[PDB]
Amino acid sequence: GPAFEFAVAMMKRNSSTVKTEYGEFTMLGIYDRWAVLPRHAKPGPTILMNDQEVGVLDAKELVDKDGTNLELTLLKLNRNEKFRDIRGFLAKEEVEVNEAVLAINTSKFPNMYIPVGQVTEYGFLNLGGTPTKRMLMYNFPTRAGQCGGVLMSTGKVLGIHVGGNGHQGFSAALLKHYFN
C-alpha cells in the first residue's frame, strides 16, 4: 500500500510517455532536463514526449568500468521546464526490498501498477544475448511494452524495467552516481 501510494505520486510528478522509432516507453525525468530510458529504446535526435516532439541534446548509453552493458540510456532534453529533482530517491548501490511496485505509463498500459513483491540483486545476466550487469530481479509475469516501467518501494526508486521472461522480470538498477 505505501509503495503504491509513493509510486502513484512519483509517476504523476516525474514520469511521461515517450515514443522513439523503436517503440513507446515509460520515461522517468530525474533532474534538470536529464531523463532515463531502457537502452533498447534507442532515442534518436528527437523523441515524442507526451505526443510532442522534443529534441535530444545528448544521450549516454551506460556501461561499467569494464564496458559491460547496464541497459540504460541517459538523455538530456531540449526543453525549458525542469524535472523535479528526484536524485535523493536514488540509492548509491543496488537496493533489495521485500515489497516493490512496478509502474508503467504508456498508451498500451495507461497508469498501471504491478505488485512485484521481493526484489533481489540479481547482478549478471545474459540479457537478450548481451552480458549485462546490475540487474534487479522480481517474480512476476511481465510483458513486452513494460520496459521503461519504474521499479519502486516506499521512498525508493530502485530501477527501470528492461527485460524478462516466463515469470521473472529484471530492472537495471538506477544509481545515484549515474547523475553525478
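Note that residue numbering follows the sequence shown and begins at 1.
**Q** Regarding 31-39 and 58-66, which shows the higher C-alpha temperature factor on average in the entry?
**A** Per the PDB record, 58-66.
**Q** As stated in the PDB record, which stretch has the larger average Cα B-factor, 100-108 or 72-80?
**A** Comparing averages over the C-alpha atoms only gives 72-80.
**Q** Among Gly148, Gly128, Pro115, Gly155, single out the one with the highest C-alpha B factor in the record, please.
**A** The C-alpha B-factor peaks, among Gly148, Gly128, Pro115, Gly155, at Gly128.
**Q** Lowest, middle or highest third: where is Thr17 by C-alpha B factor in its chain?
**A** It falls in the middle third of the chain.
**Q** Name the third of the chain's ranked CA B-factors that contains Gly166, choosing lowest, middle or highest.
**A** Ranked within chain, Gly166 CA B lands in the highest tercile.
**Q** Grab the CA temperature factor for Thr26 from the record and place it in the lowest, middle or highest third of its chain.
**A** Bottom third by C-alpha B-factor.
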